[PDB]
Structure formats: C-alpha cells, structure tokens
C-alpha cells in the first residue's frame, strides 16, 4: 500500500518557467493534483520532498491546496543539508520558505550547509528507501536533473517492485485538452 509518496521533477530553468504567472504552471499543478487525488483514494498519507525549486515546491503547493478536502494528507520536507535556498532569487526564497513553514514535518539529513555531492547521493537513497513509491514530473527524451533520482528508484524497483509514476510531456498535453 502506497502511504508515503516521494515526489520530484524539473527545476524552473529546465522548463523555462520563471513566474508563478503562468500558463503551463497551471497545467503542471493540475496534473500533480489529479495524480494525488487518485493516490489519496488509495490510502496516501504523506508526500515527501527535499525542497528543490520547481516541481518539488510546486507539488507541495498542490498538496496544500488539497488538504481542505483531504485533511489527513501530510507534507514532509527533508532537506539534504542546510540553507539550500541561500543563493536563489528573493521570490524563490519566499516560495521555499512558505512551503517549509506549512510542512507537517521538516528536517535536514545533515546539520551543515552544502559540502559535497555525497549529501545529494545520500538524500536520494534515503528518499527511495523510506518511501513507498516515486512520482516524477519528468520526460525520458528531454532527461535532465531528475534522471539521477529516477536511477536510484529503478535500482529499488529491480529488487522489490518499488512503483514509479511519471507525468511526461504527453501527460501534460492530455491535461490541457481535458
């Protein structure tokens, strides 16, 4: 049973999305909320993100818009290290802070700022190990930043059938027409 869902996906630059304005962002969030609704009616308790800009924060925001009708849905933000938002633009810092302020749980796997790629590696392994499945907004042709975490998920799938779910560019098209 899928109680804890990890969610990741593209950073804003990968999609060319720089304002919450924003046409495709409406459809991205709608696609996320529609997946979550389905998971919720199959016993979803927790979503888990690391606080990454783009899809991770947008997924938390989507979950927060659903908690009124699904008050048992909880959001955990577990960061790989401290102050990951330190060099982001002010509006992005604010977006991040708003998400962390509202999370049911939040912690950092290491009690220090960014030190080495090892903190990302360890965080990804933790997320895969401690969740029941992974949802990605990710496209296999484009590839990009989420491929790394996907790989770690696929290594678990190979072993125990850990389910992986995608919102591809084709999925976003279907979201638009419906």
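Numbering follows the first chain given and starts at 1.
When the C-alpha B-factors of 101-109 and 83-91 are averaged, 83-91 comes out higher. Comparing the deposited coordinates for 14-22 and 159-167, the stretch with the larger average C-alpha B-factor is 14-22. Sort the chain's modelled residues by C-alpha temperature factor and residue 141 lands in the highest third, per the entry. Residue-level temperature factors show residue 2 in the highest third of its chain, judged at the C-alpha atom.
Annotation for residue 44: C-alpha temperature factor in the highest third relative to the rest of the modelled chain, per the entry. Placement of the Cα temperature factor of residue 68 within the chain: highest third of the modelled residues, per the deposited record. Residue 127 sits in the lowest third of its chain by CA B factor, as recorded in the PDB entry.
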